[PDB]
Amino acid sequence: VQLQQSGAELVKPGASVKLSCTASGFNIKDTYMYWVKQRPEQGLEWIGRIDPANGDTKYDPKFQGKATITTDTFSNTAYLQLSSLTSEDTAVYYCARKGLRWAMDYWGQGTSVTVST
Amino acid sequence: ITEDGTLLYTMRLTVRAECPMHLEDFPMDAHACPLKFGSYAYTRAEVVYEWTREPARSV
Amino acid sequence: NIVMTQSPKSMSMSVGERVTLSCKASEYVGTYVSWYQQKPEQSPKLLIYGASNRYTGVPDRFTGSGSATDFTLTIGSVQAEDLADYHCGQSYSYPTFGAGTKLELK
């Protein structure tokens with residue numbers, strides 16, 4: 001109904017990041033939550049999902065280890081945390097929720113992660 | 001019953017279901033046996049069904 | 001992994017003519033195929049969920065058609081506010097998206 005993502009972030013290479021996504025209009029427990037990155041003029045790439053009811057999470061294999069997704073039932077927020085990132089992942093990151101036919105009906109506005117020195 | 005009002009309801013069944021077979025290649029034949037379920041008495045405007053996990057992992 | 005192939009990669013066209021976008025699935029994905037529209041600097045917007053189910057607020061000129069492995073998004077009476085990237089994504093398994101189609105005005 002309304003996903004509110006954190007602001008844009010500039011991060012030094014090799015550091016860590018913590019993106020946020022506050023849901024308004026529904027309980028995150030009632031759906032799955034999705035994080036999706038998109039490089040400039042490129043296709044959408046799926047990172048992983050979380051089930052806030054249990055905390056069970058799944059990750060795209062190429063994001064195994066590098067990304068971790070956690071939830072907070074109290075604040076109705078989903079968190080994407082990137083442990084150690086190079087310059088390649090200087091892409092926008094999207095927060096979306098599961099929809100009717102397992103479609104992604106509501107997306108976040110996107111947090112622009114740019115990395116340089 | 002979870003405190004938020006979410007219900008889990010499971011039951012053990014033995015289901016016998018029609019599998020219409022086309023036996024032209026018998027006994028070298030392969031079949032796709034369906035299992036269709038839905039709501040009696042409730043239309044799509046009242047009750048909808050969805051798979052609990054990814055569809056590929058829900059059976 | 002189910003890889004979805006989207007064709008054409010880019011296509012230019014004129015207003016008011018029927019344009020069809022095709023998506024191909026590597027494996028079986030019954031009808032859990034979605035079509036998203038992304039205008040520049042905007043998040044994707046769900047247009048078609050399932051196979052051939054318009055999402056609320058989608059004009060009746062957007063038509064989705066599906067199969068086990070072949071899906072198409074058809075725009076009928078095209079308008080000038082349809083210039084956007086179009087992505088197809090499967091949801092039968094862990095979600096994967098196609099490259100997308102960059103619509104152009106010509």
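Here is how names work: the chains are called A, B, and so on, in the same order as the sequence lines, proteins then strands, and each is numbered from 1.
- To the nearest 0.5 Å, atom OH of residue A:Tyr34 and atom OG of residue C:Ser91 are 6.5 Å apart.
- The shortest side-chain heavy-atom distance between C:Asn1 and A:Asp60 falls under the 4.5 Å cut-off.
- Within a 6.0 Å sphere centred on CD of C:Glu104, heavy atoms belonging to other residues, nucleotides or ligands number more than 12.
- Contacts with chain A were tallied for C:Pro44, C:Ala99, C:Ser43, C:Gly89; C:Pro44 has the most, counting heavy-atom pairs under 4.5 Å.
- Against chain C, the residues from residues 46-59 of chain A that qualify, each with a non-hydrogen atom under 4.5 angstrom away, are A:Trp46, A:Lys58 in number order.
- Residue A:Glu88 places its CD atom among more than 12 non-hydrogen atoms of other residues, nucleotides or ligands, all under 6.0 Å distant.
- If you measure heavy-atom distances from C:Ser34 to chain A, the contacts under 4.5 Å come from the side chain alone.
- With a threshold of 4.5 angstrom between heavy atoms, C:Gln38 approaches chain A through side-chain atoms but not through N, CA, C or O.
- Identified by a heavy-atom distance below 4.5 Å to chain C, the contributing residues of residues 91-108 of chain A are A:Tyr94, A:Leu100, A:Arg101, A:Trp102, A:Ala103, A:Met104, A:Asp105, A:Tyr106, A:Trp107, A:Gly108, in residue-number order.
- For C:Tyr92, no part lies near chain A; criterion is any non-hydrogen pair under 4.5 Å.
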